[PDB]
Amino acid sequence: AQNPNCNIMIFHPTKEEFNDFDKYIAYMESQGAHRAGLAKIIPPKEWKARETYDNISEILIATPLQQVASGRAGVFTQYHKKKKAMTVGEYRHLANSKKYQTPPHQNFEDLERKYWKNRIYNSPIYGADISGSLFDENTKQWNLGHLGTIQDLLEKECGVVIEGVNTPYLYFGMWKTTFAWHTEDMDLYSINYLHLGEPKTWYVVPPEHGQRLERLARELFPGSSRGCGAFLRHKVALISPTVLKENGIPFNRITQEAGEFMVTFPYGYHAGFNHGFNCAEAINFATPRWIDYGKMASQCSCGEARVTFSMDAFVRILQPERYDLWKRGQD
Ligand SMILES: O=C(O)CNC(=O)C(=O)O
Ligand SMILES: [Mg+2]
Ligand code: NI
Ligand SMILES: [Zn+2]
């Protein structure tokens, strides 16, 4: 068995190996990359996502989210308070202001210490989940707006044609902006490209151990657990590395820098934070190996998780027994 300790693997494809996206994912899996839940892909030196980032300031962040924490430093939830619209140029200036900027630090480890010590005492503003793309249309390799769609994969594997579309999303971050512990919708893959700016630190639980994290979360968030049998689908709960180690939960960590891709694998729980002003692009995708994870994915039916149009068909075809209850949650 490849990668039996479930370590995060880092790949360096050549320009030739970067042509065929599906083939490279299957290669990484042949080496055991999925066992970690997360992999890093450093693009060939010849590749670029676009020519420059000099002209992005007029993108609108229609609903910036202020991430307000409750709890203790290592075990907290966050809620998202909606703020007034602002442009990417306005948001960058805010991120760089004395109130929001990255503090002085020695290295990524010192900054990670500072994040876990102090996150809860601040409410950073995240420009998350913005439909759109920063890949040039002429970038032919690993262009996250040109991937094979999940609807087409389901059709190819299972023969059923379904409605829905699959498009990328932009994330504009600042110091302390936070992504809570989650797996993807329908336990899909994700791919995330850090276009510019400061790094993003990731934490991940191997898929084979995901239920250990779920059991800890039910203990640590006991009211939320009684409210919903899949409350991590709400994407609000944070648990620090120190608390994970104290409770024996297997996990790994890695920092993504500008110009690098990360891939999350089906049922790989992940969480993390931004180091400073940055912009990432991410999209969900599927492969043949995903289908069985899709069939077994938990679902929120309490009403909180509320998701995209395209998840309807995935539930309806892969999980027909759950469909009626799940749809009641959506309506
Ligand atoms: O970058 C973020 O805020 C969150 N991204 C992801 O969870 C992802 O790419 O799967
Ligand atoms: Mg612009
Ligand atoms: Ni994710
Ligand atoms: Zn729920």
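Residues numbered from 1 in each chain as written, not as in the entry; some residues may be left out. Chains lettered and ligands numbered in written order. Heavy atoms only, no water. Residues with missing side-chain atoms left out of burial classes, pairs and counts.

- This entry, as listed in the PDB, derives from X-ray crystallography and reports a resolution of 1.3800 Å.

- A UniProt comment under Catalytic activity is attached to the protein chain, and it reads "N(6),N(6),N(6)-trimethyl-L-lysyl(9)-[histone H3] + 2 2-oxoglutarate + 2 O2 = N(6)-methyl-L-lysyl(9)-[histone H3] + 2 formaldehyde + 2 succinate + 2 CO2".
- You can read under Subcellular location in the UniProt record for the protein chain the words "Nucleus". (UniProt positions renumbered as here; feature names shortened; annotations may be inferred.)

1. A short note on the coordination of the zinc ion (ligand 4)
Then step 1. Those donors, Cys228 (SG), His234 (NE2), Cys300 (SG) and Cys302 (SG), are the protein atoms that reach the zinc ion (ligand 4), and they lie 2.1 to 2.4 Å from it.
Then step 2. Here the zinc ion (ligand 4) is ringed by four donor atoms whose angles at the metal span 101 to 116 degrees, and the overall shape comes out tetrahedral.
Then step 3. The sequence pattern describing where the donors of the zinc ion (ligand 4) fall on their chain is C-x5-H-x65-C-x1-C. Highlighted residues: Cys228 in the loop between α6 (222-227) and β12 (237-239) and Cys302 in the loop between α8 (290-296) and α9 (311-318), separated in sequence by 74 residues.
Then step 4. Judged by relative accessible area, which is 6%, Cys228 ranks as buried.
Then step 5. Classification of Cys302 by relative accessible area gives partly exposed; the value is 38%. (Donors = N, O, S within 2.8 Å, 3.2 Å for Na, K, Ca; no water. Tetrahedral: all angles 85-135°; square planar, octahedral: opposite > 155°, others 65-115°. Helix = DSSP H or I, 4+ residues; strand = E, 2+ residues; numbered from the N terminus. Buried < 20%, exposed > 50% of the residue type's maximum accessible area, 1.4 Å probe, protein only.)

2. Describing the layout of surface pockets
Then step 1. Roughly 310 Å³ of volume is contained in the second largest pocket.
Then step 2. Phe21, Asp22, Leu147, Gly148 and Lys156 are, among the 20 residues lining the second largest pocket, the residues nearest its centre.
Then step 3. Listing elements by their share of the lining of the second largest pocket, those giving two or more residues are α1 (21-30) and α4 (150-158).
Then step 4. Counting residues per element, the lining of the second largest pocket draws most heavily on α4, at four residues.
Then step 5. Of the residues belonging to the lining of the second largest pocket, the class tally is eight nonpolar, seven polar and five charged. (1 Å grid on protein atoms, 1.4 Å probe; cavity = no way out; pocket = protein on both sides within 12 Å on 5 of 7 lines; lining within 4 Å. Points joined across faces, edges and corners; volume = space filled by probe spheres on them. Nonpolar A, V, L, I, M, F, W, Y, C, P; charged D, E, K, R; others polar.)

3. Details of the site of ligand 1
Then step 1. Close to ligand 1 lie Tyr126, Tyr171, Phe179, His182, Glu184, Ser190, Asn192, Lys200, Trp202, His270 and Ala282, which account for all nearby residues.
Then step 2. Within the side chain of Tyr126, one N or O atom sits 2.5 Å away from an oxygen atom of ligand 1.
Then step 3. Contacts to ligand 1 include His182, whose side-chain N or O atom sits 3.0 Å from an oxygen atom.
Then step 4. Going through the elements one at a time, β9 (178-182), β10 (189-197) and β11 (200-205) are the ones with two or more residues in the shell around ligand 1.
Then step 5. When the residues that make up the shell around ligand 1 are grouped by side-chain class, the tally is five nonpolar, four polar and two charged. (Near = heavy atom within 4 Å. Polar contact = N/O pair within 3.5 Å; in protein donor to acceptor, adjacent residues only side chain to side chain.)

4. Remarks on the side chain of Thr264
Then step 1. Relative to the elements of secondary structure, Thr264 occurs in strand β14 (residues 261-264).
Then step 2. Looking at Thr264, its side chain comes within polar contact range of the side chain of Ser190, at 2.7 Å.
Then step 3. Look past the residues within four positions of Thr264 in its chain and what remains in contact with it is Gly37, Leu38, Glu184, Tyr189, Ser190, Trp202 and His270. (Contact = heavy atoms within 4.5 Å.)

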